[PDB]
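Let's start with one chain on its own, the form deposited in one PDB entry, as structure tokens.
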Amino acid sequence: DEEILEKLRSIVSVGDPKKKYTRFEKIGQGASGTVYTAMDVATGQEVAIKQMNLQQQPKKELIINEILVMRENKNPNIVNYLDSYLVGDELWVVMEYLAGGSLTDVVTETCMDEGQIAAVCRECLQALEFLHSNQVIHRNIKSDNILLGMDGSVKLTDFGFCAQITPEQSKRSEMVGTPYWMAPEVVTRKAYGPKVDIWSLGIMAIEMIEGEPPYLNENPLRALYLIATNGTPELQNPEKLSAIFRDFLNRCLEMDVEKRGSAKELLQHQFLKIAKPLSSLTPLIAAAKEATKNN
């Protein structure tokens, strides 16, 4: 539709990004748009700005939903939305910049201890409880969508897959997410709710432990099957974890969705009490940065 397009233009302001932000520097290009860093002319605030041509973006309703969800669910543990500009046929989204980069670089290049893992999990749980209490299910939790402050702050990003639920319709059935991180009830097209994010967080904890989610050597289809039939995935070396960490994992990765913990009740688990200060993540950030210098 060109109706859905006009609906999108409708919620964005027509103005020049350069009027407020200067010093544009490209730090990457994704399937969606092009991503820059920049600076607030007046306050000196560092920002991340995505540049996106609508004429070539399929499924514009998703872009609309992503912008709308960001605007109305602002929170300490979510990369927060500053502004978006409409310039002719291109959309410019402006977000906080988190200089500590992505948790994926930390999980693939460093060894995290239990205190550091606990701190990250607590910060993610805080955003999930916030979202779940506002009827937003993220549906795409993974280290790739966790951004880090230079001070160790932990922030959830990418809401392009999120679903808003209501008492009229409180569950979903569609296979939405990234295969390795999808809860089994999602893989097998059952009615699911907010706790699919809890499962996905459990898989992110396995990233922090082992460097990868389960089945990453396999293809996504094969992984989907492996999740469907195996259920609670297996750790390469469970003996290396504390009793309380193992207990935390089991409760994130519980098959029974009613037994599986919610964000609120996992925020009380004893595993989180051994968390280190978030400042402890900065050496990890430095390591990840060094390890990924070449590429």
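We call the rigid core the largest set of C-alpha positions that still match within 1.5 Å between the two forms. Residues carry their position along the shown sequence, with the first being 1.
What comes next is about the form deposited in another entry, which is not displayed.
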| item | value |
| --- | --- |
| Mobile residue between the shown form and the other one, C-alpha criterion 2 Å or more, rigid core, from 67, 39, 263, 257 | 39 |
| Is_shifted residue 231 between the shown form and the other one (CA, 2 Å cut-off, rigid core) | no |
| After fitting the core, residue 26 CA displacement of 2 Å or more between the shown form and the other one | yes |
| Core-aligned CA displacement of residue 86 at least 2 Å between the shown form and the other one | yes |
